[PDB]
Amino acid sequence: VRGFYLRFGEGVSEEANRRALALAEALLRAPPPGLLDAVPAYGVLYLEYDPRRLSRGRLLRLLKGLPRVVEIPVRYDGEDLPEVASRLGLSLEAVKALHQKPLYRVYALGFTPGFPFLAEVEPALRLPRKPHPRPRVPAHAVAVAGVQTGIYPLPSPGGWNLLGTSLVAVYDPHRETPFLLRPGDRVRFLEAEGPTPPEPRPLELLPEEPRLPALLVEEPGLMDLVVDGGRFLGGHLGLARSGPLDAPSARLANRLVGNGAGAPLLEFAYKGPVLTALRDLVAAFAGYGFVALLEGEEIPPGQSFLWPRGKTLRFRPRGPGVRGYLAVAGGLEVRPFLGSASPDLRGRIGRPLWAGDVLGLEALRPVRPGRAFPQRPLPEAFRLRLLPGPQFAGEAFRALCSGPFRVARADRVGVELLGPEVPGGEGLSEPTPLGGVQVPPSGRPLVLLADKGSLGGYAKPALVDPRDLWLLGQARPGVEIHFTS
């Protein structure tokens, strides 16, 4: 994966946004092979592409050849409404009236799936976000911060000033048109009475009646996920790439059982599931952090094996690493959502496996067991190559390379680092780059991975080289990190 940003104007500029949108829309209408995402936000367009299939130059040449009012009923019952009014010298009714006055435009979409960033808030209603965010803003909260207003589609942390509750759900993965709002839509708020819409319900991807039942989840691990290659061309809606966090290991597991590299398989981290075969299977285990246990025998990663009906497969934690993959010959049966079977847990698309889940084969594609391929060794400390990021600063790059960092926390969203102080920053939200080293004005650097949010306002002075991202798929607390040029 590689990416670059086109920038058509700073701040909240209507014409800059029209430009970025026109280009993104034209690409998304007819995406060239190798285009992975096209994400507009304010005056910025981020393009992500596979350089093996699409060159930057070819993509830039393509760009040269390219060419609705939504009503939001709102109950103004927001927890911050009295404080907002007081801080602005306004009556409660004056706040409500100011909020409804503009014809807003959606300048960006997808801080979480379907979350609209709307502008412009009337000057008299502009006030800063809260010094400390709430850990949980409720679904459908309508909020303001500075020149922007937004609607939280799902419960999430947030520091915007809560004015009310939307009486329509802006995001619902179960309806015909999941996203009520699109980038560039115009929006009007209107005071109304009515019930609070329900929270979005998780969308099931796994079939209820698998055609070829294969295995039973007897006990779940910490977070077992059925993943494919990832979800592409969805960043403009807030949908994460997802897919496997250690992609080479996932691809190896699939290849060992004769599957395509991106066929659906199981990813697990830290603690694995307890699984029992419902038919005779050929399966393969790859990745790190465990040895598979079957019928008393240990199976190290990087090989396929016969998994007989009624026999239980377990994963014994071992060595460095935390993330394993289990593939089955034929792949797993999973329903896609917008081109992919991969979960978007932020968007409640799919879910981790539960005790009692039955998974099935996509097709009968028998292969012999006992294949093996060598895995690259996983080092005890990580040497990560850094590239300049979109908010590059020499002093930040220097700080990042100045001494060792240590992993504080690691998951599919990113890897949080402890180490030397790195100067950071914040600005308008722009599309997040995979491997972005996010550095806030105050706080720990976070390396952004596959389940990262699509948008972020914190500075990214550097990017981890895509060739080293697989290592961060195996990060755990205490691992030493050395950044290099």
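Note that residue numbering follows the sequence shown and begins at 1.
Count the deposited residues lacking coordinates between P67 and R68 and you get 4 to 9 of them. Higher mean CA temperature factor between 132 to 140 and 390 to 398: 132 to 140, per the PDB entry. A summary of the deposited B-factors shows that, of 21 to 29 and 461 to 469, the stretch with the larger mean C-alpha value is 21 to 29. Based on the entry's C-alpha B-factors, the most elevated value among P308, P352, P173, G114 belongs to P173. Out of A253, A145, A381, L239, the entry records its largest CA B-factor for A381. Per the PDB record, residue ranking by Cα B-factor puts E71 in the middle third of the chain. Residue-level temperature factors show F373 in the highest third of its chain, judged at the C-alpha atom. Per the PDB record, residue ranking by Cα B-factor puts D357 in the lowest third of the chain. In the deposited entry, the Cα temperature factor of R316 places it in the middle third of its chain's modelled residues. In this PDB entry, the Cα temperature factor of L62 sits in the top third of its chain's modelled residues, the highest group.
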